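**Student:** Can you read through this structure? Questions will come right after.
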Amino acid sequence: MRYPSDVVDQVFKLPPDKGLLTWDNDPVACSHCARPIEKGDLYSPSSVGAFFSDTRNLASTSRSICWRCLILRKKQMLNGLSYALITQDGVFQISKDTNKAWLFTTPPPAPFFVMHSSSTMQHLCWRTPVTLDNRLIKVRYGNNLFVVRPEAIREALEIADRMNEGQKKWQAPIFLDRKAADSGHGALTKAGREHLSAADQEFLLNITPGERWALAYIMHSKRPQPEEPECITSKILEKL
RNA sequence: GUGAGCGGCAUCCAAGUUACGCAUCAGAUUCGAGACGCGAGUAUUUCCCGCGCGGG
Ligand SMILES: [Zn+2]
C-alpha cells in the first residue's frame, strides 16, 4: 500500500462507482491522496462544497478526485474511519485506550494507516500518510500530523514506572492532554520536575508532539493492558 | 518554493447586604512685693607703677 486511497480496493474491495469521467489528458495527482490520475483512470471533478474545511490539506490544485477517494469521502466511510487503523488484513478500531497502547507499543508489521478524529466527523483517511515501518508511525489526529515512535513511548513509560515505583500516590511526570489542547501539554509536572534526573527530564522534553499525544492515552496511574482491536471492515461495508 | 502557505479566545456578568469607640476618673497639694546706695574723716608727701607728666 502506497497511497491513502489504496485502502479501498485492497481491504474494502469496492468496485468504482458509475457515471465517472475518464481522464484523457496529461497525468495529474488527486487533489486528496496525491495519487496520479493517468489516461484511462476513472476520476471525477471536485465538488467538495462550502462545508469542506480541508483546503489546506489538498495534495494538488488539479480539482480532480479519483474513484477510491470518492468512496472514501462518503459519510459512512468518514464515520467508520474516525478512529480506524487500516492494515493490509483489515480495518481495526483504536478508539479504546488499550487498543492505542497496543498499537503504540506492539504495532502490526505490515504497512498501515492510523486515523483519529478530534471532533464529531472529519476528513482523515485521504490525509494520513502510510506507515512504511512500524518504528516510525505516522498518526493523523484531526488536523495534526503526528509522528509516534514506539521505542520513545516505551522509554517514557519506563521512566514513569521508575519514578513512581515506590510512592503510593502515582504522579504523572509530564502533563499530557488527550486532546492535545491544553496550554500545559508536554510541560513537566512538579513531581517529575523534582523527582527525575537530568537525562530523563531532557528525554521527556525532547519527545515529538505525537508521542505526547499517545502518552496522554497510555500513561496513567493504572496503565492499560494492550489488547488487539476488533476488525471493523465488515461493519463499514455493511453500513455502506 | 522553511510539512511551508491561510486562520481574533471571542462574546455576556454589581462584591453586595447588616453593625454606637463606648462605659468609669478633682490639676490637686505649699510659700511676705518687701527689702537694698555712703554727710565714715587733715594739709602736703613714703615706699613705687608707666619712662617733664599720667597714678597706690
Ligand atoms: Zn485520491
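**Student:** When the convex hull of the C-alpha atoms of segment A:116-201 is computed, what volume per residue in Å³ does it have? Each step should come with its number before you reach the end.
**Tutor:** Working: hull volume 9.9 nm³, N = 86.
Output value, Cα hull per residue: 115 Å³.
**Student:** Out of the DSSP beta bridges found with both residues in chain A, what percent are antiparallel (nearest 5)?
**Tutor:** Percent antiparallel among DSSP bridges in chain A is about 85.
**Student:** Here's something else I'd like to know. Which net charge results when you count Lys and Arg as +1 and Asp and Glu as -1 among the other residues whose beta-carbon is under 15 Å from that of A:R193?
**Tutor:** It works out to a net charge of -2.
**Student:** If I take every Cα pair under 8 Å that is 6 or more residues apart in chain A, average their sequence separation and divide by the length, what percent do I get for the relative contact order?
**Tutor:** Relative contact order, chain A: 19 percent.
**Student:** May I pose another question? What net charge do the residues around A:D24 carry, taking every other residue with its C-beta under 13 Å from that of A:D24, with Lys and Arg at +1 and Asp and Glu at -1?
**Tutor:** Cβ neighbours under 13 Å give a net charge of -2.
**Student:** Once fully extended, how much extra length lies between A:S95 and A:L145, figured as 0.36 nm per residue of separation less the alpha-carbon to alpha-carbon distance? Before the final figure, lay out the partial values.
**Tutor:** Values: separation 50, 0.36 × 50 = 18.00 nm, distance 1.77 nm.
Length difference between fully extended and current span is 16.2 nm.
**Student:** Also, quick follow-up: Taking Cα atoms, how many degrees apart are the long axis of helix A:209-218 and the longest axis of chain A, rounded to 10 and kept between 0 and 90?
**Tutor:** 70
**Student:** Hey, could you grab the Kirkwood Rh for segment A:1-126? Inverse mean 1/r over distinct alpha carbon pairs, Å, one decimal.
**Tutor:** Working: mean 1/r = 0.0648 Å⁻¹.
Every distinct Cα pair counted, the radius reaches 15.4 Å.
**Student:** Follow-up question, since we're still on this one. Divide the volume of the convex hull of the Cα atoms of chain A by its number of residues and quote the answer in cubic angstrom per residue.
**Tutor:** About 132 Å³ per residue, rounded to a whole number.
**Student:** What is the local net charge at A:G142, summed over the other residues whose Cβ is closer than 11 Å to its Cβ (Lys, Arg +1; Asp, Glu -1)? Mind showing how you got there, number by number?
**Tutor:** Details: positive: A:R127, A:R140, A:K179; negative: A:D54.
Value of the local net charge: +2.
**Student:** For segment A:28-72, what is the Kirkwood hydrodynamic radius in Å, using each pair of distinct C-alpha atoms?
**Tutor:** 10.6
**Student:** Run the numbers for A:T120 and A:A181: contour at 0.36 nm per residue of separation, minus the present Cα-Cα distance, in nm.
**Tutor:** Result: 20.3 nm gained on full extension.
**Student:** Out of all DSSP beta bridges in segment A:1-144, what portion is antiparallel? Express it as a percent rounded to 5.
**Tutor:** Details: 14 of 17 bridges.
Counting DSSP beta bridges with both partners in segment A:1-144, the antiparallel share is about 80 percent.
**Student:** Now, a different point. Give a quick list of chymotrypsin sites (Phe, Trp or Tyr not before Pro) in segment A:15-104 that DSSP marks as loop, anything other than H, G, I, E or B, with at most 14 other Cβ atoms within 10 Å.
**Tutor:** A:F51, A:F52
**Student:** In addition: Provide Rg and Dmax in Å for segment A:50-178, with only Cα atoms included in the calculation.
**Tutor:** 17.2, 59
**Student:** Okay, helix-only estimate at 222 nm for chain A: each DSSP H run of n ≥ 4 adds -39500 (n - 2.57), divide by all residues, round to 500 deg cm²/dmol; what do you get? List each step's numbers first, then the result.
**Tutor:** Working: 8 runs with 64 residues, N = 240.
Taken over chain A, the calculation gives -7000 deg cm²/dmol.
**Student:** Within segment A:9-107, count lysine pairs with alpha carbon atoms under 21 angstrom apart where the residues are 8 or more positions apart or belong to different chains. Intermediate results must be reported in sequence, preceding the final value.
**Tutor:** Details: A:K13/A:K74; A:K13/A:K75; A:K18/A:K39; A:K18/A:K74; A:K18/A:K75.
The number of close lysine pairs in segment A:9-107 is 5.
**Student:** Are there GluC sites (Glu not before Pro) in segment A:105-173 that DSSP marks as loop and that have at most 15 other Cβ atoms within 10 Å, and which are they?
**Tutor:** A:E165
Heads up, the Cβs are rebuilt from the backbone with ideal geometry, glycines too, and the neighbour counts pull from every protein chain shown. Bear in mind these aren't lab numbers, they're just calculated from the coordinates by the rules spelled out.
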